[PDB]
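# coordinates only, sequence not included:
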Ligand SMILES: OC[C@H]1O[C@H](O[C@H]2[C@H](O)[C@@H](O)[C@@H](O[C@H]3[C@H](O)[C@@H](O)[C@@H](O[C@H]4[C@H](O)[C@@H](O)[C@@H](O[C@H]5[C@H](O)[C@@H](O)[C@@H](O[C@H]6[C@H](O)[C@@H](O)[C@@H](O)O[C@@H]6CO)O[C@@H]5CO)O[C@@H]4CO)O[C@@H]3CO)O[C@@H]2CO)[C@H](O)[C@@H](O)[C@@H]1O
Ligand code: NA
């Protein structure tokens, strides 16, 4: 026998009603006790007969009304049940509740018809989704994107989502705001993108140590190649995570390798933080430099040399860095830093931006093949529109620059979208040439001198020659040093210059290492304005001829001079095993300057086709190459398992922090077996490997949680996006995951870490006043360990509220707190 009592759910548990943490969604599906198509015969449902909630329950009558009209005007009209555009067009929130429901019940008969006709609940589901977008309060737009399509919410405490409550979530505790005592200042904000991890929670801080220890012992712990272990870190988003963790990493690295005393041990376990805010240098300096500061000089370099229009004066290569090189003749004073011409984020900014120019802010279909073709094309032209001008000159500056650990971009040596290392860039010959010159000649003090608003001479005086007047200590002193002349005006008048090479280089012969020509660069003097060898006068002054050139390699002038020698030479300074200062980890000096970093990836690095093309395998094959190039320290891509749907599959979208790929399931870069082998190939050639460690976010966690949220600016303070705002809302965010990796390995090394190094777990963190807590392992990430998430494209009106004001609820399984309460139309 039949009746409408059967719209009732078959059971008020999770087996028949969709719920997240006990709560219901208007996008949710449930199993009624029965359905009907005509009104007369009602059929019991099978456990496979599931129907969307938005057919039976609505946020308000206004919405019930729009659900009815939308469905009718989209294929679900039937006049034999009184449903045509004509029968629904006058209905409104003012209509009798008793009438509207009869109309809704009749629509439901028609929906059952379409399901029968189509033999599936697909077009229904696709219609529910399309319907929802029409409704302001129910749509993704209710979560209030900003005008650029960006935004974040914060996770807060709430009586309904109390399992997601935290005592911590200290936000934007970065840099000089580790104590939360200058929120208004120069810190660096909490939220980038993704599900933001609360690195202020003591338990999280313990998990970060666990992680770091696994990574520093990767090959061993995983039973892969046992010499396949990382030596250090590149810290992603370091300005955007509670600075406690940077303290804590420092401490682990000091405990494990004894770095404070020994520059040799410090220098063999290099770490560098991504983050250029000058406040960051201050912080690092005040802390004794546990990591290397990221210097801003690449930005200067692109601004002075790289632009087509609007080029900043040449003097800025002198002062536009955390190090002033007007005349830098001292050691252990500079902030220990790493610098570059290009990084992964600059190259992406440019390719995106080309994407929106070539397609009017449109649907982002993958015409990034189009942007990349345009880049390669502009790259080769003299009169470039986008791509950096003067790329050889920028590396000339960087590789001659004292008091930095320079970082080379894979993409500046190779065509980054072709298969890994398959295609050398046009800039390969220049750069590699300058890299090899560095090992052989670049040492001693530095003087950068203006000779025009557009011309500069950067001279290094050679190993063991501290400044212009020094005689020379080292036996390489005489035959080392370098002049790098850079002009940034292609119209510069032909002219003679003088370059003071220092008193250590009176009456000395100088090879034309690299000079500009009509077509580009010559490596042997052919076609330049200067001969292959020149000699200094009795005062050590070099006379050189320079002019403006304009071709794909140079828009300005570039020339490099190094001493003539008969032999290979290496001016690298070994570090001693007791430091000029016991308060310091890293020190900016000859030893640290002898290091050189290589970024071994690009975000637009293509998926490997075969196993032979795994970057890890190709890296293990060319270890000696990097070594030959004077590279000492290999920055490797985040090797973690990624979100399936990610744009670039590049490493920053982390889904498992411990799964670095297996034989059948590699990252873009390869399997973890293969990772270990590359690492050990590098070691075998005397190089060191650092891992990109991503403590800031995870992206693609599959498990939804009901959490309570407040539309917030990117510092975790509530914001008032175009008039509107919202606080204390229920939100069904994706917050939970980790992979088997987080489960197998999460917290596993903490007892070993406590036994060997107890100070880690007694040292009170600055932001919390409380030491990392190793007594709870994290085997799965969830909201309780997260500050919030970037906007997730779901909307804020999904949570079902009963007419009386309370959210609908189910005592389900783990969900057993309060008393069950379902809508009228489901019981
Ligand atoms: O395409 C083959 C080619 O892949 C490599 O390049 C890949 C890259 O390194 C890797 O990161 C990946 O990135 C994405 C991936 O593109 C996504 O598809 C996604 O992967 C999930 C995927 O959606 C699912 O299909 C599923 O994948 C696997 C099983 O779990 C595997 O065990 C495997 O089983 C066998 C299969 O049945 C056979 O037909 C045969 O292929 O042999 C397999 C055993 O070796 O394949 C199924 C699918 O058939 O689960 C995946 C999640 O783990 O998410 C990844 C990011 O998370 O995709 C790149 C290519 O698009 C690699 O370089 C080449 O060597 C390789 O031959
Ligand atoms: Na953060």
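Here it is on my side, so go on. Numbering: from 1, shown residues only. Ligands and ions are numbered 1, 2, ... in the order given.
# and this structure, what are its domains?
4-139+810-826, 314-338+389-594, 343-387 (automatic domain parsing).
# tell me, how many residues neighbour residue 524?
12 (other C-beta atoms under 10 Å). In short, each C-beta sits where N, CA and C put it, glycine included.
# that one is in contact with residue 532, isn't it?
Yes. The pair residue 524 and residue 532 qualifies as a contact (C-beta atoms under 8 Å) at a distance of 6.3 Å.
# find the residues that touch each one of the two.
Shared contacts of residue 524 and residue 532 (C-beta atoms under 8 Å, 6 or more residues apart in numbering): residue 512.
# mind listing the strands in the stretch 301-450 of the chain by residue range?
Per DSSP state E, counting those that start in this stretch, the stretch 301-450 of the chain carries strands over the ranges 337-340, 405-409, 446-450.
# parallel or antiparallel, list what pairs with the first one.
Meaning strand 337-340. Strand 337-340 pairs in its sheet with strand 293-294 (parallel), strand 405-409 (parallel), by DSSP bridges.
# which of the ones you listed sits closest to residue 816?
strand 293-294 (49.4 Å; C-beta to C-beta).
# contact residues of this structure facing ligand 1?
Residues of the chain lying close to ligand 1 by C-beta under 6 Å from any ligand atom are 607-608, 610-611, 614, 641-642, 644, 649, 664-668.
# what's the closest of the residues you listed to residue 39?
residue 644 (44.6 Å).
# ok so that closest one is a strand residue?
No. Assignment of residue 644 by DSSP: H, G, I helix; E, B strand; the rest coil gives coil, placing it outside any strand.
# quick revisit: deepest of the domains of the chain, which one?
domain 314-338+389-594 (a mean of 20; mean count of other C-beta atoms under 10 Å).
# relative to the whole chain's centre, how far out is it?
31 Å (C-alpha atoms, centre = their mean, to the nearest Å).
# what's the first-to-last distance across it?
26 Å (C-alpha to C-alpha, to the nearest Å).
# do the same with stretch 585-593
15 Å.
# and the residues of the chain next to ligand 1 as CSV, adding secondary structure and neighbour count?
Output for the residues of the chain next to ligand 1, formatted as CSV (DSSP: H, G, I helix; E, B strand; the rest coil; neighbours: other C-beta atoms under 10 Å):
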residue, secondary structure, neighbour count
607, coil, 9
608, coil, 20
610, coil, 8
611, helix, 13
614, coil, 22
641, strand, 24
642, strand, 22
644, coil, 10
649, coil, 18
664, coil, 6
665, coil, 9
666, coil, 23
667, coil, 26
668, coil, 21
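# the domains of the chain into a markdown table, with extra columns for distance to ligand 2?
Formatted as a markdown table, these follow (distance: least, C-beta to the ion, whole Å):
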| stretch | distance to ligand 2 |
| --- | --- |
| domain 4-139+810-826 | 24 |
| domain 314-338+389-594 | 21 |
| domain 343-387 | 16 |
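# who are the neighbours in contact with the most centrally placed residue in the chain?
Closest residue to the average C-alpha location of the chain: residue 652 at 5.0 Å, with C-alpha atoms, centre = their mean. Residues near residue 652 by C-beta under 8 Å, 6+ apart: 236, 638, 694, 697, 699.
# before we move on, the earlier item: using a markdown table, lay out the strands of the stretch 301-450 of the chain together with distance to residue 481.
Below are the strands of the stretch 301-450 of the chain laid out as a markdown table (distance: least, C-beta to C-beta, whole Å):
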| stretch | distance to residue 481 |
| --- | --- |
| strand 337-340 | 21 |
| strand 405-409 | 17 |
| strand 446-450 | 10 |
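# how about those strands, which one is nearest residue 224?
strand 405-409 (27.2 Å).
# list the contacts of that closest one.
Contacts for strand 405-409 (C-beta under 8 Å, 6+ apart): 270, 272, 292, 336-344, 347, 395, 398-399, 431, 435, 592-593, 595-599, 602, 631, 633, 635.
# which ones among these map onto helices?
344, 347, 395, 398-399, 431, 435, 592-593 (DSSP state H).
# who touches the residue nearest to residue 651 when sequence neighbours are not counted in this structure?
Nearest residue to residue 651 in three dimensions, chain neighbours excluded: residue 638, at 3.1 Å (C-beta to C-beta, 6 or more residues apart in numbering). For residue 638, the contacting residues are 236, 650-652, 654, 691-694, by C-beta under 8 Å, 6+ apart.
# how about 10 Å then?
234, 236, 601, 650-654, 657, 660, 667, 669, 691-694 (C-beta atoms under 10 Å, 6 or more residues apart in numbering).
# do residue 677 as well
So residue 677 contacts 219, 224-225, 227-228, 616-617, 619-620, 670-671 (C-beta under 10 Å, 6+ apart).
# which ones among those residues are found in helices?
219, 616-617, 619-620.
# most neighbours among these, which one?
residue 616 (30 neighbours).
# just the helices in the stretch 601-750 of the chain please.
Under the criterion DSSP state H, counting those that start in this stretch, the stretch 601-750 of the chain contains helices at 615-621, 623-628, 672-684, 739-745, 750-756.
# cool, and the stretch 401-550 of the chain?
Going by DSSP H, counting those that start in this stretch, the stretch 401-550 of the chain shows helices at 410-413, 428-441.
# turn those into JSON lines, including distance to residue 110.
Formatted as JSON lines, the helices of the stretch 401-550 of the chain follow (distance: least, C-beta to C-beta, whole Å):
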{"stretch": "helix 410-413", "distance to residue 110": "57"}
{"stretch": "helix 428-441", "distance to residue 110": "67"}
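# give me the distance between the closest residue to residue 84 other than its chain neighbours and ligand 1.
Nearest non-adjacent residue to residue 84, counting by C-beta to C-beta, 6+ apart: residue 77, 5.1 Å away. Residue 77 is 40 Å from ligand 1, where distance means C-beta to the nearest ligand atom, to the nearest Å.
# for residue 404, same thing?
34 Å.
# for residue 768, same thing?
Where ligand 1 is concerned, residue 768 sits at a distance of 34 Å (C-beta to the nearest ligand atom).
# how about residue 274?
23 Å.
# so that residue touches residue 345, yeah?
Yes. If you go by C-beta atoms under 10 Å, residue 274 and residue 345 touch, sitting 8.5 Å apart.
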